[PDB]
Structures are given as C-alpha cells and as structure tokens.
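Engineer: One structure coming up, written as structure tokens, with questions to follow.
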Amino acid sequence: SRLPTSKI
Amino acid sequence: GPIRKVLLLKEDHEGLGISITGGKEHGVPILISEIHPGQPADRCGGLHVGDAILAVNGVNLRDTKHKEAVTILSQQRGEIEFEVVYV
C-alpha cells in the first residue's frame, strides 16, 4: 500500500 | 541480469501499455508491474514484468520520483528506446 502504481 | 536496450513502437492514440511502480522518493527503481496484453509494450516483445526502467530515449530514470517518471514516459512518441534490466 506504500508504493504508488500508475498505468501509462 | 544484463542491461538491455529495447525498441518499442507506438501510435499516438495509445499509451505504452505498462503499469509502473516505485520511484526515488520510495527508495525503489521505476519497475514495470504490469504489461497490458495487446498494447505497445506487449507487442514489442522485449519488456517484462519486473524489469527496471533505467532510461527512456536517453533520459535517465534511475534517480527519478514516481510522478517525474510518469511525465517523462508519457511524453515519448513513436519509436521509443528503453534501457531496462531484470533483477
């Protein structure tokens, strides 16, 4: 939950 | 593993077809966490979940915060050269 995820 | 150079081809109506996680502010590389089937990264054949993106089109991403990496990656168009490594 600490790390961000971005769809690109 | 070895550092690899990977060519990706994309048209302007599509994204890269990857999800990334991590960033300098988290003490973690920019890592590919997803490859969306049928989109440009899947089609290029050379990018895989777990790859660290070290550079794109000569822009170093090893010391890049998450949202910096998103802006840099999303700005690339057409024929895009990745430097990646699987650890």
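Going by the structure tokens order, chains are called A, B, ..., each with residues numbered from 1, while ligands are numbered from 1 in the order shown.
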Hey, list the chain B side of the contact with chain A: 9 Å cut-off, only C-alpha atoms, answer as a list in words.

Structural biologist: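 Applying the cut-off to the listed atoms yields residues 15, 16, 17, 18, 19, 20, 21, 22, 23, 26, 33, 34, 66, 67, 70, 73 and 74 of chain B.
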
Engineer: Taking 4 positions as the minimum chain separation for residues in the same chain, which residues sit within 10 Å of range 4-7 of chain B when counting only C-alpha atoms? Answer as a list in words.

Structural biologist: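 Here the qualifying residues turn out to be residues 41, 44, 45, 46, 47, 51, 53, 54, 55, 56, 57, 79, 80, 81, 82, 83, 84, 85 and 86 of chain B.
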
Engineer: Apply DSSP to the backbone of this structure and, from chain B, keep only the residues in strand (DSSP E); write these as an MDAnalysis selection string.

Structural biologist: chainID B and resid 4:10 18:23 28:35 51:56 59:60 78:86
